[PDB]
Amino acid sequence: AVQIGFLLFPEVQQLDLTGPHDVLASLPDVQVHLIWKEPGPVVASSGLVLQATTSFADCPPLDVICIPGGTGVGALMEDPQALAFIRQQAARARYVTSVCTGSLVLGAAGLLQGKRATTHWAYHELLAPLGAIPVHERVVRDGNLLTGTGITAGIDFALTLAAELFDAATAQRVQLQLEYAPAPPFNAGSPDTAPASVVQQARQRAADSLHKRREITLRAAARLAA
């Protein structure tokens, strides 16, 4: 059975995780894990309560690891237990993946050094200090690393992983069973397509978070420099 694991942490952006979870859990011969320091309730940034199913110590070797993003990424970038777990699993995983600001956690773990990668548009400047080659594309692959932008990045890349773990017909069948054919009613999902006034509002609302994450990123980079 293919072993797929998602890191589940306080103040996660739950859709980053729950989207790919439902897609991948639809495949045959997969087992999906929700990993934290111990099993039990973990609260997402919206207040939605999720349950972790396994601890770091009990998690099996994973074929796919996925790091979601969210407010809670700042704490995780300086959590030595979580970073060590990610490094251990990434060494043997077939696919190391992240959604949105989850790539900043991969960066803090040292896994983006010399690698092409993306992250959420408002935090993209934080990739270079973590050793990455920043790329402004929605899905960036470098070897077995796959970083994606957008809250639903993992739904799309889950279909790619289904096709590569199984076959194209299997991925197509899952897509049809889920009737997955998005059609957003607005075209403001990128700073290059949204109105300038909207981009300003969004940048202003992210400013305090970006400032705090600049500080965290520099400490994380210092640890990598040692």
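In this text, residue numbers run from 1 along the sequence as written.
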(message) I need to verify one thing: averaged over C-alpha atoms only, is the B-factor higher for 110 to 118 or for 87 to 95?
(response) 87 to 95
(message) Regarding 25 to 33 and 58 to 66, which shows the higher C-alpha temperature factor on average in the entry?
(response) 25 to 33
(request) Kindly indicate the residue among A183, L159, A44, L176 with the greatest C-alpha B-factor in the PDB record. (result) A183
(message) Considering every modelled residue of the chain and its Cα B-factor in the PDB entry, is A221 in the lowest, middle or highest third?
(response) middle
(request) Place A75 in the lowest, middle or highest third of its chain's C-alpha B-factors, as listed in the PDB entry. (result) middle
(request) Grab the CA temperature factor for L50 from the record and place it in the lowest, middle or highest third of its chain. (result) lowest
(message) Using only modelled residues of the chain, where does the Cα B factor of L8 rank: lowest third, middle third or highest third?
(response) lowest
(request) Taking the chain's C-alpha temperature factors as the reference, tell me which third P129 falls into: lowest, middle or highest. (result) middle
